[PDB]
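J.: One structure, pasted below without further comment.
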Amino acid sequence: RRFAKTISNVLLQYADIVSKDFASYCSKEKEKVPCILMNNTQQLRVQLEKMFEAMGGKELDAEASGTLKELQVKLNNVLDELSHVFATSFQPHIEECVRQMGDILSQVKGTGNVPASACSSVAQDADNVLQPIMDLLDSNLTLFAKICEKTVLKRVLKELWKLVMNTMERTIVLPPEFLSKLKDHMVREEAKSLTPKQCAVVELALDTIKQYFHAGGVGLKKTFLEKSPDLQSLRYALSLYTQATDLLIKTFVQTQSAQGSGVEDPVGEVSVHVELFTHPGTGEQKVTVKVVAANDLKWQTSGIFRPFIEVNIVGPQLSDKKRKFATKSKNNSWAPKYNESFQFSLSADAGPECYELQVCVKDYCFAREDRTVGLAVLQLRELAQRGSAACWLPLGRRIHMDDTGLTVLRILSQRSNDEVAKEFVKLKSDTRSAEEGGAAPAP
Amino acid sequence: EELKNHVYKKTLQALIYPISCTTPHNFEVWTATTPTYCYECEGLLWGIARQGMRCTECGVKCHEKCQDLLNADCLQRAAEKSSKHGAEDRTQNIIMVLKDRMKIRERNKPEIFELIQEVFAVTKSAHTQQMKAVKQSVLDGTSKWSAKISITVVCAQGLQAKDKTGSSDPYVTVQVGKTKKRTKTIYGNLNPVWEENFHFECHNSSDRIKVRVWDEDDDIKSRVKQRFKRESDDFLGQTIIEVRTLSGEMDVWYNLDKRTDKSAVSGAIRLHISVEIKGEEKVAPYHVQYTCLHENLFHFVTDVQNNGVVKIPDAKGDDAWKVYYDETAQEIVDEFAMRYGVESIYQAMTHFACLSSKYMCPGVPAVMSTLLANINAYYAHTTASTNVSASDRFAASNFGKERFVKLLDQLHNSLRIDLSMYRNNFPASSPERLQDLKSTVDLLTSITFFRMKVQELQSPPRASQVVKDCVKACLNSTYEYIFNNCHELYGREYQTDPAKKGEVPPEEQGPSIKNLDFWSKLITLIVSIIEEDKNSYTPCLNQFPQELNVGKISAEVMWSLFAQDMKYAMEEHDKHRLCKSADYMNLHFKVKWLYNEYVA
């Protein structure tokens with residue numbers, strides 16, 4: 001016990017002295033020194049296991065053993081931290097690289113109708129795209145594979161792999177400026193999607209990076225790399241960029257689950273009674289929507305208010321179907337009753353959980369434009385249990401969204417000739433024309 | 001292992017010369033050519049007035065009434081008679097017909113002797129040599145078979161009444177060939193205990209131990225009857241134990257049989273018989289050997305041939321419970337059992353004991369339930385003319401009452417356990433596992449019914465209740481499971497956006513103070529479970545429709561557990577008030593609906 005403390009104190013004090021200087025050695029001229037310090041650390045772990053076993057291993061006293069097991073886990077963690085601190089000094093270079101990989105990939109588009117330097121083979125474009133990072137990777141990974149002990153190397157490589165995957169995801173696949181250029185209002189450009197050719201090229205650059213990080217078994221196992229959540233996330237974002245309009249729309253309804261649990265800063269409310277009929281005549285689904293009334297409409301307007309309620313169904317396979325209904329209008333009435341019953345058809349195939357009603361109140365305005373007063377979403381997953389529901393839907397100013405709703409939306413907006421996508425994008429991109437009671441909601 | 005090897009030698013001996021292809025006795029009417037005593041009842045055959053039947057082939061002699069009590073093999077009887085009369089050529093001719101019968105048997109059904117060999121893991125060589133040895137053991141006839149026999153007459157149970165008193169004075173005569181001995185008489189008792197030992201020398205395994213139970217009439221009417229009939233001591237019943245069905249130290253309840261049509265007979269006699277056979281010293285009883293055979297054959301068929309799978313035999317009718325295997329394996333146990341006097345109910349209780357280990361396996365609970373309904377029907381109903389309870393008649397089981405009671409208790413417990421996780425152990429996604437669940441309960445019923453009917457238990461744990469508790473236990477564990485896995489389950493089963501199907505935190509696959517969504521999701525899962533119980537498990541478990549409705553019990557337990565939890569949760573939300581008024585109203589509507597749909 002007395003001696004295990006000695007060991008612990010000395011070896012942690014070593015680990016600490018190293019850890020404290022470690023970052024100062026992580027500069028580009030001394031790459032070996034961090035590797036050596038990591039190897040020292042790891043050599044402590046190895047020599048400590050020897051010493052633990054020399055201290056009788058399993059036959060050591062329980063508190064001495066506990067002390068040394070503690071010490072070994074702490075030292076393991078020091079090595080993980082050092083590996084992270086080391087991998088982190090490469091992050092700016094990996095970001096610069098991946099931005100350059102992005103500058104190169106911007107020149108590749110949907111190249112079946114573009115010149116042979118960009119309808120250059122999927123392989124050659126992947127190699128060009130990769131060149132900034134492969135100058136980094138080949139040299140460094142081959143140096144580390146030498147000078148790092150195999151435990152040190154694997155830890156360094158995991159921290160570098162993650163860093164590359166995440167950097168590529170952020171910098172290439174989901175660049176924040178594509179909020180600006182077709183999620184957002186900033187430019188009437190088609191943004192240009194990741195085109196099938198740039199989806200390829202990237203998927204091949206990634207298989208090459210994976211092979212690089214695998215390094216024929218000298219690096220990370222193919223199994224770690226394939227199961228990598230970093231890679232899986234990157235693949236997911238990529239998969240979205242080619243996905244069909246209905247599948248994007250289904251994905252939106254299935255993912256935007258939170259568009260059905262309380263609008264924040266409401267602009268009124270709508271009483272609906274809704275009857276899902278798994279249509280007793282067909283086994284399709286039909287959705288009866290009795291629009292009973294609206295109430296508390298924040299729209300004391302500069303004129304004759306003439307509210308009516310648009311009801312829209314949303315979900316997959318609606319091109320052939322009446323997506324929209326509206327109530328009659330009511331003059332000068334912030335609490336207009338309607339008692340009007342509509343009947344959407346869903347698809348036969350997609351279940352009610354693939355669909356949502358979107359209920360919109362609008363002021364009827366000839367000569368002008370019919371102003372959106374507010375919007376509410378009802379998820380038909382709820383009705384899949386309820387069968388029929390009376391509910392007072394609070395009305396919002398805009399529909400509230402996650403990254404995947406906003407990603408699907410910026411993807412669908414690039415399909416700027418698909419009429420279903422156009423109407424979907426238009427429909428989700430409908431917000432309360434602010435005035436007579438206010439502009440921006442809460443989520 | 002020592003029993004396994006001997007059972008193998010005996011099973012080959014049994015099956016090389018099977019009883020099913022024994023020769024029938026060719027009985028001519030015969031006038032006794034010397035003063036003769038009937039080979040079965042020992043009455044004097046002499047002259048025209050006491051003609052018997054003489055089998056031409058075997059020269060066994062009996063009364064006409066006795067010819068059918070002679071289960072003694074005609075060819076072995078013929079070899080013996082020919083020997084006892086010095087007719088050696090006839091003896092050898094019969095040894096040749098016995099050889100040809102064994103060659104026919106091997107040639108016709110080699111797969112029997114191969115399956116014995118594989119069941120007992122013997123080599124083909126040691127099999128062929130042991131086969132040659134058992135062929136010789138059968139051709140020793142009984143000229144080279146001899147034994148000492150120590151017959152302790154232990155007790156009888158359930159004897160008939162023949163006295164003016166409405167009881168009897170039972171005693172036993174034990175006869176073994178040339179020698180007749182008698183127990184002392186027990187007076188006025190239909191369940192007499194003698195505990196009396198006789199020693200006999202038997203030079204012939206086709207002799208029969210005639211254990212006859214008699215009412216000791218010393219009166220004038222007996223002294224009159226003695227002139228006309230040879231069994232004055234008013235016959236209470238017999239057992240005729242074939243000496244080939246004796247092995248080692250036996251302890252056996254024999255049901256008593258009718259000698260004559262005027263015999264009224266009931267009850268059983270417990271006989272402890274030690275047999276010291278030449279060349280078969282210290283051997284186990286044929287019940288224990290049969291158990292060993294059946295167990296090895298079962299473990300061979302199930303584990304070795306079928307990799308663990310219990311191959312249920314194709315068998316139908318009121319004898320289906322007597323079929324345990326395919327034909328070859330069936331013939332092994334049946335010829336062993338028939339040659340060695342092992343009663344069908346013992347075979348069944350044994351096979352039920354085998355099946356009780358493999359009760360989880362598909363269809364087995366149905367077979368076991370059926371088998372136990374038959375074992376039940378056997379002890380419960382058979383012969384109302386007995387003056388003995390079903391439990392006492394079952395205490396006369398050679399399987400052992402205790403053993404079967406314990407077996408049933410262990411099984412009942414194993415069934416209780418598996419039923420306490422019935423959803424997991426019998427997933428609705430497998431109809432066959434639902435049918436096994438059904439038959440698991442039908443077996444539990446059959447056990448409870450056996451406890452009620454055969455054991456005559458006054459308060460067996462009522463099957464419906466036992467199951468209802470199991471269902472409760474499962475529902476509790478289900479409730480826990482869903483209550484720990486709520487988001488995964490809900491995400492998967494209902495969520496229309498795939499991005500929401502995944503592993504939301506355990507504290508949200510469980511209760512949150514910040515949002516009600518767990519409870520909403522839990523309600524839908526509770527519904528899914530109640531519906532699965534209503535829809536799958538309630539039809540499955542319709543055995544006690546007036547006492548067990550799984551959908552009701554599911555709704556009650558699930559609501560109860562939910563309601564306690566929800567009540568604490570709402571109390572907690574009432575303190576914090578982090579969710580909005582509207583949300584509690586929506587939850588209220590859902591809870592209202594849930595309650596009103598399933599609970600109200």
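Ordering of the structure tokens sets the chain letters (A, B, ...), residue numbers begin anew at 1 in every chain, and ligands are numbered from 1 in the order given.
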To test your reading of the structure, identify every residue in region 216-409 of chain A that backbone DSSP assigns to strand (DSSP E), and report it as number ranges by chain.
T.: A: 269-278, 285-295, 307-314, 324-326, 337-345, 356-363, 371-379, 388-394
J.: What are the residues of chain A lining chain B at 6 Å or less? Count only C-alpha atoms, and put the answer as a list in words.
T.: residues 251, 253, 254, 255, 353 and 354 of chain A
J.: Considering only helix (DSSP H, G or I) as DSSP defines it on the backbone, what residues of region 195-241 of chain B qualify? List them as a ChimeraX atom specification.
T.: /B:220-228
J.: Can I get the selected residues back with N, CA, C and O atoms, as a tab-separated table (two decimals), in the first residue's frame?
T.:
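Written output follows (again26.tsv):
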chain	number	residue	atom	x	y	z
B	220	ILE	N	-68.90	-74.61	7.05
B	220	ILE	CA	-69.57	-75.74	6.39
B	220	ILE	C	-69.71	-75.49	4.87
B	220	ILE	O	-69.42	-76.39	4.09
B	221	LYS	N	-70.10	-74.28	4.44
B	221	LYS	CA	-70.26	-73.97	3.00
B	221	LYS	C	-68.96	-74.21	2.22
B	221	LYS	O	-69.01	-74.72	1.11
B	222	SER	N	-67.81	-73.92	2.81
B	222	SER	CA	-66.54	-74.23	2.17
B	222	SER	C	-66.27	-75.71	2.06
B	222	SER	O	-65.93	-76.18	0.97
B	223	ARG	N	-66.48	-76.45	3.15
B	223	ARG	CA	-66.34	-77.90	3.15
B	223	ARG	C	-67.27	-78.54	2.11
B	223	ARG	O	-66.87	-79.51	1.49
B	224	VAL	N	-68.45	-77.96	1.84
B	224	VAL	CA	-69.32	-78.36	0.72
B	224	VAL	C	-68.72	-78.00	-0.64
B	224	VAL	O	-68.50	-78.87	-1.48
B	225	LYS	N	-68.39	-76.72	-0.88
B	225	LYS	CA	-67.82	-76.25	-2.15
B	225	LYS	C	-66.56	-77.02	-2.57
B	225	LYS	O	-66.39	-77.29	-3.76
B	226	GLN	N	-65.72	-77.44	-1.61
B	226	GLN	CA	-64.49	-78.21	-1.84
B	226	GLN	C	-64.69	-79.46	-2.71
B	226	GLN	O	-63.78	-79.85	-3.45
B	227	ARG	N	-65.86	-80.09	-2.64
B	227	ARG	CA	-66.16	-81.30	-3.43
B	227	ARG	C	-66.28	-80.99	-4.93
B	227	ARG	O	-65.87	-81.79	-5.76
B	228	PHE	N	-66.83	-79.83	-5.27
B	228	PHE	CA	-67.14	-79.46	-6.66
B	228	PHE	C	-66.04	-78.62	-7.31
B	228	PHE	O	-65.72	-78.85	-8.47
J.: Using Å and a single decimal, report how far CA of residue 16 (chain A) sits from CA of residue 74 (chain A).
T.: 10.9 Å
J.: With a cut-off of 10 Å, could you pull out the residues of region 163-197 of chain A touching region 88-106 of chain A and give me the nearest pair of atoms for each, distance in Å to one decimal, using only C-alpha atoms, ordered by chain and ascending number, as a Markdown table?
T.:
| residue | atom | partner | partner_atom | distance |
| --- | --- | --- | --- | --- |
| A:163 | CA | A:91 | CA | 6.8 |
| A:164 | CA | A:94 | CA | 6.5 |
| A:165 | CA | A:98 | CA | 9.8 |
| A:166 | CA | A:95 | CA | 9.8 |
| A:167 | CA | A:95 | CA | 6.2 |
| A:168 | CA | A:98 | CA | 6.1 |
| A:169 | CA | A:98 | CA | 9.5 |
| A:170 | CA | A:98 | CA | 9.4 |
| A:171 | CA | A:99 | CA | 6.3 |
| A:172 | CA | A:102 | CA | 5.5 |
| A:173 | CA | A:102 | CA | 9.0 |
| A:175 | CA | A:102 | CA | 9.4 |
| A:192 | CA | A:106 | CA | 9.6 |
| A:194 | CA | A:106 | CA | 9.2 |
| A:197 | CA | A:105 | CA | 10.0 |
J.: Would you save the residues from that selection as a PDB file, in the first residue's frame, using N, CA and C atoms?
T.:
ATOM      1  N   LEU A 163     -12.204  13.894 -36.579  1.00  0.00           N
ATOM      2  CA  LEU A 163     -11.906  15.258 -36.970  1.00  0.00           C
ATOM      3  C   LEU A 163     -12.066  15.443 -38.478  1.00  0.00           C
ATOM      4  N   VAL A 164     -11.520  14.555 -39.301  1.00  0.00           N
ATOM      5  CA  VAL A 164     -11.733  14.579 -40.747  1.00  0.00           C
ATOM      6  C   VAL A 164     -13.205  14.416 -41.099  1.00  0.00           C
ATOM      7  N   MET A 165     -13.872  13.361 -40.636  1.00  0.00           N
ATOM      8  CA  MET A 165     -15.278  13.087 -40.946  1.00  0.00           C
ATOM      9  C   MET A 165     -16.178  14.266 -40.612  1.00  0.00           C
ATOM     10  N   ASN A 166     -16.022  14.796 -39.409  1.00  0.00           N
ATOM     11  CA  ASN A 166     -16.786  15.938 -38.954  1.00  0.00           C
ATOM     12  C   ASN A 166     -16.466  17.172 -39.792  1.00  0.00           C
ATOM     13  N   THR A 167     -15.182  17.413 -40.066  1.00  0.00           N
ATOM     14  CA  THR A 167     -14.772  18.550 -40.887  1.00  0.00           C
ATOM     15  C   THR A 167     -15.383  18.453 -42.275  1.00  0.00           C
ATOM     16  N   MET A 168     -15.317  17.298 -42.921  1.00  0.00           N
ATOM     17  CA  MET A 168     -15.951  17.071 -44.213  1.00  0.00           C
ATOM     18  C   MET A 168     -17.460  17.238 -44.175  1.00  0.00           C
ATOM     19  N   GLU A 169     -18.103  16.717 -43.150  1.00  0.00           N
ATOM     20  CA  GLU A 169     -19.526  16.887 -42.978  1.00  0.00           C
ATOM     21  C   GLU A 169     -19.927  18.347 -42.908  1.00  0.00           C
ATOM     22  N   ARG A 170     -19.262  19.089 -42.035  1.00  0.00           N
ATOM     23  CA  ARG A 170     -19.508  20.499 -41.781  1.00  0.00           C
ATOM     24  C   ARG A 170     -19.125  21.360 -42.977  1.00  0.00           C
ATOM     25  N   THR A 171     -17.885  21.241 -43.427  1.00  0.00           N
ATOM     26  CA  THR A 171     -17.281  22.115 -44.431  1.00  0.00           C
ATOM     27  C   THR A 171     -17.722  21.769 -45.843  1.00  0.00           C
ATOM     28  N   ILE A 172     -17.946  20.491 -46.164  1.00  0.00           N
ATOM     29  CA  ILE A 172     -18.300  20.083 -47.533  1.00  0.00           C
ATOM     30  C   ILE A 172     -19.785  19.759 -47.642  1.00  0.00           C
ATOM     31  N   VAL A 173     -20.309  18.845 -46.821  1.00  0.00           N
ATOM     32  CA  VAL A 173     -21.655  18.325 -47.098  1.00  0.00           C
ATOM     33  C   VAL A 173     -22.739  19.273 -46.627  1.00  0.00           C
ATOM     34  N   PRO A 175     -22.400  22.907 -45.695  1.00  0.00           N
ATOM     35  CA  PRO A 175     -21.762  24.205 -45.560  1.00  0.00           C
ATOM     36  C   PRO A 175     -22.795  25.245 -45.105  1.00  0.00           C
ATOM     37  N   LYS A 192     -27.391  24.918 -56.599  1.00  0.00           N
ATOM     38  CA  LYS A 192     -26.778  23.680 -57.082  1.00  0.00           C
ATOM     39  C   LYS A 192     -26.551  22.699 -55.932  1.00  0.00           C
ATOM     40  N   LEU A 194     -25.504  19.058 -54.082  1.00  0.00           N
ATOM     41  CA  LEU A 194     -24.547  18.005 -54.378  1.00  0.00           C
ATOM     42  C   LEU A 194     -25.164  17.162 -55.495  1.00  0.00           C
ATOM     43  N   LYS A 197     -22.841  13.235 -59.586  1.00  0.00           N
ATOM     44  CA  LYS A 197     -21.396  13.198 -59.731  1.00  0.00           C
ATOM     45  C   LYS A 197     -20.633  13.725 -58.517  1.00  0.00           C
TER      46      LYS A 197
END
J.: I need the residue nearest residue 152 (chain A) from this list: A:40, A:302, A:180, A:121. Use only C-alpha atoms for the distance.
T.: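 Under the stated criterion, the closest residue is A:40.
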J.: Could you pull the residues within 6 Å of region 209-213 of chain B, counting only C-alpha atoms, minus those fewer than 2 positions along the same chain, as a PDB file with C-alpha atoms, in the first residue's frame?
T.:
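The resulting file, out03.pdb, is reproduced below:
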ATOM      1  CA  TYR B 171     -54.629 -64.977   2.756  1.00  0.00           C
ATOM      2  CA  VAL B 172     -52.232 -65.531  -0.134  1.00  0.00           C
ATOM      3  CA  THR B 173     -51.079 -68.815  -1.678  1.00  0.00           C
ATOM      4  CA  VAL B 174     -47.792 -68.409  -3.523  1.00  0.00           C
ATOM      5  CA  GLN B 175     -47.084 -71.225  -5.967  1.00  0.00           C
ATOM      6  CA  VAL B 176     -43.936 -71.630  -8.000  1.00  0.00           C
ATOM      7  CA  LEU B 236     -60.308 -62.559  -3.966  1.00  0.00           C
ATOM      8  CA  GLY B 237     -57.963 -62.160  -6.957  1.00  0.00           C
ATOM      9  CA  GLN B 238     -54.578 -63.246  -8.317  1.00  0.00           C
ATOM     10  CA  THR B 239     -51.392 -62.069  -9.935  1.00  0.00           C
ATOM     11  CA  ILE B 240     -49.513 -64.448 -12.285  1.00  0.00           C
ATOM     12  CA  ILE B 241     -46.005 -63.103 -12.465  1.00  0.00           C
TER      13      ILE B 241
END
J.: Could you check how far CA of residue 90 (chain B) sits from CA of residue 206 (chain B), in Å to one decimal?
T.: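 Spanning CA of residue 90 (chain B) to CA of residue 206 (chain B) is a straight-line distance of 17.4 Å.
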J.: Excluding same-chain residues fewer than 3 positions from residue 393 (chain B), what lies within 12 Å of it counting only C-alpha atoms, as a PyMOL selection string?
T.: chain B and resi 156-159+191+253-255+266-270+376+378-384+386-390+396-398+400-401+453-456
J.: Produce a file of the selected residues containing C-alpha atoms, as a short mmCIF file (atom, residue, chain, number, x, y, z; two decimals), in the first residue's frame.
T.:
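This is the output file out01.cif:
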data_model
loop_
_atom_site.label_atom_id
_atom_site.label_comp_id
_atom_site.auth_asym_id
_atom_site.auth_seq_id
_atom_site.Cartn_x
_atom_site.Cartn_y
_atom_site.Cartn_z
CA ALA B 156 -52.95 -56.04 -0.51
CA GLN B 157 -55.10 -52.94 -0.92
CA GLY B 158 -58.76 -52.75 -1.99
CA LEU B 159 -59.69 -56.45 -1.91
CA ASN B 191 -56.25 -53.90 2.88
CA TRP B 253 -47.99 -53.46 -6.80
CA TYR B 254 -49.80 -56.00 -8.96
CA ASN B 255 -53.46 -55.27 -9.72
CA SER B 266 -60.67 -55.79 -6.95
CA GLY B 267 -57.54 -54.27 -5.47
CA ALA B 268 -53.83 -54.89 -5.78
CA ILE B 269 -51.11 -56.89 -4.02
CA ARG B 270 -47.68 -55.39 -3.18
CA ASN B 376 -55.16 -38.92 -14.67
CA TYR B 378 -56.21 -44.13 -15.51
CA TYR B 379 -55.87 -43.52 -11.73
CA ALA B 380 -59.04 -41.43 -11.35
CA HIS B 381 -61.67 -43.46 -13.16
CA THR B 382 -60.52 -47.02 -13.76
CA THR B 383 -62.88 -49.51 -12.04
CA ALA B 384 -65.49 -48.07 -9.69
CA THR B 386 -62.79 -50.86 -6.14
CA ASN B 387 -63.36 -49.60 -2.56
CA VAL B 388 -60.13 -47.46 -2.74
CA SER B 389 -59.60 -43.70 -3.23
CA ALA B 390 -57.93 -42.45 -6.44
CA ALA B 396 -50.19 -48.37 -5.62
CA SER B 397 -48.35 -46.90 -8.67
CA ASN B 398 -45.05 -48.69 -9.40
CA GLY B 400 -43.94 -44.07 -7.08
CA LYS B 401 -46.67 -41.61 -6.02
CA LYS B 453 -58.76 -35.82 -9.02
CA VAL B 454 -55.91 -38.29 -8.48
CA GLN B 455 -54.16 -36.80 -5.47
CA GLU B 456 -57.65 -35.81 -4.14
#
